[PDB]
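# Examining the three-dimensional arrangement
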Amino acid sequence: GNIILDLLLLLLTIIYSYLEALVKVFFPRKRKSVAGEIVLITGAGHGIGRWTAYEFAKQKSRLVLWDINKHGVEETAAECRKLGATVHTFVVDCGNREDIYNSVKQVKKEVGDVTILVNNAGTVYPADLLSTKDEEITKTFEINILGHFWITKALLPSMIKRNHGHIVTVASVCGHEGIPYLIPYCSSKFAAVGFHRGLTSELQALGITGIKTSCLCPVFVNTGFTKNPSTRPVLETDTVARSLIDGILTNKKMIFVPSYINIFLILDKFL
Amino acid sequence: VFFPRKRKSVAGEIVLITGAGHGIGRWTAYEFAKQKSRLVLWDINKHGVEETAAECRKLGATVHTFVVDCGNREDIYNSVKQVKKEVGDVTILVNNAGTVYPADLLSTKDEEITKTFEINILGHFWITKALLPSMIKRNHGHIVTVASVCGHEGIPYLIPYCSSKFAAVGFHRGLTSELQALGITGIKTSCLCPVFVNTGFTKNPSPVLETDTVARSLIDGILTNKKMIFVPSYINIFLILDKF
Ligand SMILES: NC(=O)c1ccc[n+]([C@@H]2O[C@H](COP(=O)([O-])OP(=O)(O)OC[C@H]3O[C@@H](n4cnc5c(N)ncnc54)[C@H](O)[C@@H]3O)[C@@H](O)[C@H]2O)c1
Ligand SMILES: NC(=O)c1ccc[n+]([C@@H]2O[C@H](COP(=O)([O-])OP(=O)(O)OC[C@H]3O[C@@H](n4cnc5c(N)ncnc54)[C@H](O)[C@@H]3O)[C@@H](O)[C@H]2O)c1
Ligand SMILES: Cn1cc2c(C(=O)O)ccc(NS(=O)(=O)c3ccc(OCC4CCC4)c(Cl)c3)c2n1
């Protein structure tokens, strides 16, 4: 019975589909080049991080990959090398502040000064507020938003000198609206969306032009991060990476995946 | 305006208010004392929270104070057991407490960022997590998350603060959706989102509201069970225009 009312939403998503693809062709945004840039990607051992390193390797960039999974990040670097990119990896606990700072100095003593940051890394512990463990909540924030500050903080001094960079904050639709069982996770993803919103307002207020900001906000991505989605599309690992590579190149502030989820958030502010 | 929202009574309820030694917290305890509530105040400032309780007592309310570091998890849990061994089971929570360290991302201290999150959102999980089971049992409560317009859109110099306030607005939104998904009706949620309030929290504004005006907006939003208490109410249409 509920499927009858659901066709109104289905018609508006196909309405946005032709409308968005018409703007991407009729009056399209200026695509830039990321060739020879120092692109650091945290959580690049699998999924959205792994396929972002594949997309940057296609653009002829200088990759630096960070992860806790030594094997996973090494295998991503292996397939990024098989594309022609210069790739150098480091096993970094992207939630630990003293490890991040320790590895930033090794990045400058080996690769140089990072010019593009991809704060992809994340952790999820799906449970109701009363069954979630305190350690899980702490680890959620430590990786999803606290860690974003230390990476951003250690690379921004150099991007400020050169007035050239790009801070990519990878968050989810759980940064625009909360879902059940993921309250600690949604709270951290909302914080990530606000950190990019404040970074964008403060970069602008300080006269900084050269440093752009992009925020990836997709729905369920088939990566194994969780088991099944929360509500009745499941984006693929590679489809999301193509959306992120295309959003960084046009310098878009909010990369919604799939884009129509912007009109759904508009309708939320009408009760 | 024509047929406006149903105002409820909060008389005889157990209202816990964190960060109630001054400003938005102090004037919320004054407004609840007017509503004839049983009050419980938490703060790090022993003198400030005792003086709020003193003026709340001079109104007729029964106020009990506890000096609690509302950012420390083991202190919060330790004091929740003292709240149940003295007052009883809390029925209304006011997550007011907050800390701000106004600076650019490169001049902010790491300790400041840590303390920002520890008070503004990490602390909001432990107090709610410990007061929620009895509320769940009784199917009656109200979780008030005090956030700022820095939870809907980021401002310069307050990036660590805006990041935590956004998290508070999302915790409220996630809690709301999960409360609904689990069949719980009796537990309502309100989120206070005002602009610059003259309290001395921050030196200069980012209209500028007064200490007491914001407290009246919060007391009126809890009584009508409104999910988003924007102060002032029109700042909702300004956020709509931002997505254009
Ligand atoms: N997959 C989804 O359903 C989905 C949807 C929207 C947004 N996202 C966001 O994308 C990110 C990851 O998604 P995914 O599907 O690529 O996940 P994934 O589980 O496939 O891979 C994430 C990677 O992060 C790494 N990582 C985790 N904790 C780390 C830490 N402390 N230090 C360093 N590396 C660490 C893991 O080793 C892993 O390789 C998260 O920030 C998440 O919020 C995911
Ligand atoms: N005042 C504003 O400009 C403004 C605007 C919007 C939202 N807010 C929100 O209101 C809250 C406080 O605003 P205010 O004007 O009432 O502030 P205030 O500085 O006047 O008082 C805040 C109170 O919180 C207490 N507190 C701080 N850290 C604490 C801790 N670790 N444990 C226990 N108590 C602690 C302080 O002792 C103080 O009495 C914050 O959550 C803030 O984000 C304030
Ligand atoms: C368990 N689990 C983890 C998920 C993650 C993740 O781990 O990041 C992201 C999305 C999920 N669910 S979803 O894809 O079904 C979905 C679709 C649409 C949405 O919102 C649509 C908008 C907001 C109102 C209209 C939203 Cl919030 C969610 C997830 N489910």
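Throughout, residue numbers begin from 1 within each chain and advance along the sequence as written. They need not agree with those in the entry, and any residue without coordinates is left out. Numbering of ligands from 1 and lettering of chains from A proceed in the order in which they are written. As a rule here, side-chain values come from all non-hydrogen atoms in the structure, and water together with hydrogens is ignored.

## Things to note about the packing of helix 5 (residues 134-162) of chain A against helix 4 (residues 110-138) of chain B
Angle between the axes and distance between the axes are the two parameters that describe a pair of packed helices. Orientation is described by axes fitted as lines to C-alpha atoms, over the contacting stretch for helices, and by angles from 0 to 180 degrees between their N-to-C directions. Helix and strand labels come from DSSP, where a helix needs a run of H or I of at least four residues and a strand needs a run of E of at least two; each type is numbered from the N terminus. Closest axis-to-axis distance for the helix 5 of chain A/helix 4 of chain B pair is 11 Å, and the angle between their directions is 155°. As the angle between them shows, helix 5 of chain A and helix 4 of chain B are arranged roughly antiparallel. The hand of the helix 5 of chain A/helix 4 of chain B crossing is right-handed. Between helix 5 of chain A, through A:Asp134, A:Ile137, A:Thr138, A:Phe141, A:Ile145, A:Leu146, A:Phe149, A:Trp150 and A:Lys153, and helix 4 of chain B, the contact on the second element is made entirely by B:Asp110, B:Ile113, B:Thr114, B:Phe117, B:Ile121, B:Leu122, B:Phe125, B:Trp126 and B:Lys129. Side-chain classes are defined by residue name, with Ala, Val, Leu, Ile, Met, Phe, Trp, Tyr, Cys and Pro counting as nonpolar, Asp, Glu, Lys and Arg as charged, and the others, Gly among them, as polar. Each residue belonging to the contact of helix 5 of chain A with helix 4 of chain B can be placed in one class, and the counts come to 12 nonpolar, 2 polar and 4 charged. Any angle between 65 and 115 degrees counts as roughly perpendicular, while under 35 counts as roughly parallel, over 145 as roughly antiparallel, and the rest as oblique. Handedness of a crossing follows from how the near helix is turned relative to the far one, being left-handed for an anticlockwise turn of less than a right angle and right-handed for a clockwise one. Note on definitions: a residue-residue contact is assigned when non-hydrogen atoms from the two residues lie within 4.5 Å.

## A few points about the interface of chain B and chain A
Each side of the interface is counted separately: chain B has 46 residues, and chain A has 45 residues. Throughout, the accessible surface (probe 1.4 Å) given up by two parts as they are put together, summed over both, is called the buried area. Summing the contributions of chain B and of chain A, the shared interface buries around 3,800 Å²; its carbon and sulfur component is 71%. A carboxyl oxygen of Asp or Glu within 4 Å of a side-chain nitrogen of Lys or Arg is what we treat as a salt bridge. The interface formed by chain B and chain A holds 4 salt bridges in total. As a salt-bridge pair, A:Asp134 and B:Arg73 come within 3.0 Å of each other at their nearest N and O atoms. At the level of secondary structure, the elements contributing two or more residues to the side of chain B that touches chain A comprise helix 3 (73-84), helix 4, helix 5 (159-181) and helix 7 (235-242) of chain B. Considering every element that reaches the side of chain B that touches chain A, the biggest residue donor is helix 5 of chain B, with 14 residues. Of the residues in the side of chain B that touches chain A, the class split is 27 nonpolar, 10 polar and 9 charged.

## A look at the pattern of salt bridges
Throughout the structure, instances matching the rule amount to 16 salt bridges over all chains. In this structure, A:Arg97 engages B:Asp110 in a salt bridge whose closest nitrogen and oxygen atoms are separated by 3.1 Å. With one member in each of two chains, A:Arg97 in helix 4 (residues 97-108) and B:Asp110 in helix 4 form a pair that bridges those chains. Whether a residue is buried, partly exposed or exposed follows from its accessible area with a 1.4 Å probe, protein chains only, as a fraction of its type maximum: under 20%, in between, or over 50%, in that order. The exposure class assigned to A:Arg97 is partly exposed, which follows from its relative accessible area of 30%. In this structure, A:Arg162 engages A:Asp113 in a salt bridge whose closest nitrogen and oxygen atoms are separated by 2.8 Å. Remark: A:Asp113 occurs in the loop between helix 4 and strand 4 (116-119) and A:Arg162 occurs in helix 5; sequence separation between them is 49 residues. Its relative accessible area of 56% is what places A:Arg162 among the exposed residues. What you see here is one network of salt bridges that share partners, running through A:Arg97, A:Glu98, A:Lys153 and B:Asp110.

## Structural notes on the UniProt feature "binding site: NAD(+)" (unreviewed entry) in chain A
Residue and element names in this part refer to chain A. UniProt positions are given in the numbering used here, feature names are shortened, and annotations may be inferred rather than shown by experiment. Mapped onto this structure's residue numbering, the UniProt feature "binding site: NAD(+)" (unreviewed entry) falls at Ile48, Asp67, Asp93, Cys94, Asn120, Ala121, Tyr185, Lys189, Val221 and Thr223. In terms of the greatest pairwise C-alpha distance, the residues named above, spread along 176 residues, do not form a single cluster, extending to 23.3 Å across. Residue placement: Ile48 occurs in helix 2 (residues 48-58). Judged by relative accessible area, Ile48 falls into the buried class, the value being 16%. Discounting residues that sit within four places of it in the chain, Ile48 has contacts with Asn120, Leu216, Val221, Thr223 and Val240. Of note, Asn120 is situated in the loop between strand 4 and helix 5. For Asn120, a relative accessible area of 11% puts it in the buried group.

## With respect to the environment of B:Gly141
Residue and element names in this part refer to chain B. Secondary-structure assignment places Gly141 in strand 5 (residues 141-146). Separated by 113 residues in the primary sequence, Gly141 and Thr28 have C-alpha atoms spaced 17 Å apart. Setting aside its immediate chain neighbours within four residues, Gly141 contacts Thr91, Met135, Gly186, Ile187 and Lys188.

## Section: the site of ligand 3
All names here are of chain A. The rule for a residue being near a molecule or strand is that one of its heavy atoms must lie within 4 Å of it. The immediate surroundings of ligand 3 are formed by 17 residues, with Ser172, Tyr185, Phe220, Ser230 and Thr231 found nearest. The term polar contact refers here to a pair of N or O atoms within 3.5 Å; inside protein, the definition further demands a hydrogen-donor-capable atom paired with an acceptor-capable atom, and it admits residues adjacent in sequence only when both atoms are side-chain atoms. In the environment of ligand 3, an oxygen atom lies 2.9 Å from a nitrogen or oxygen atom belonging to the side chain of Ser172. Against a free-state accessible area of 640 Å², the protein chains account for coverage of 87% of ligand 3. Looking at the shell around ligand 3 element by element, the count peaks at 3 residues for helix 8 (residues 261-268). Classifying every residue of the shell around ligand 3 gives 10 nonpolar, 5 polar and 2 charged. Only the protein chains shown count as cover for residues, and all accessible areas are computed by the Shrake-Rupley method using a 1.4 Å probe.

## Re the site of ligand 1
All names here are of chain A. Around ligand 1, a shell composed of 25 residues is seen, among which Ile48, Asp67, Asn120, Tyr185 and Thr223 lie nearest. Take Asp67: an N or O atom from its side chain is 2.6 Å from an oxygen atom of ligand 1. Side-chain polar atom of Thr223 to an oxygen atom of ligand 1: 2.4 Å apart, as the coordinates give it. Coverage of ligand 1 by the protein amounts to 91% of the 820 Å² it exposes when considered alone. Where the shell around ligand 1 is concerned, the elements lending two or more residues are helix 2 and helix 6 (183-205). Counted by class, the shell around ligand 1 contains 13 nonpolar, 9 polar and 3 charged residues.

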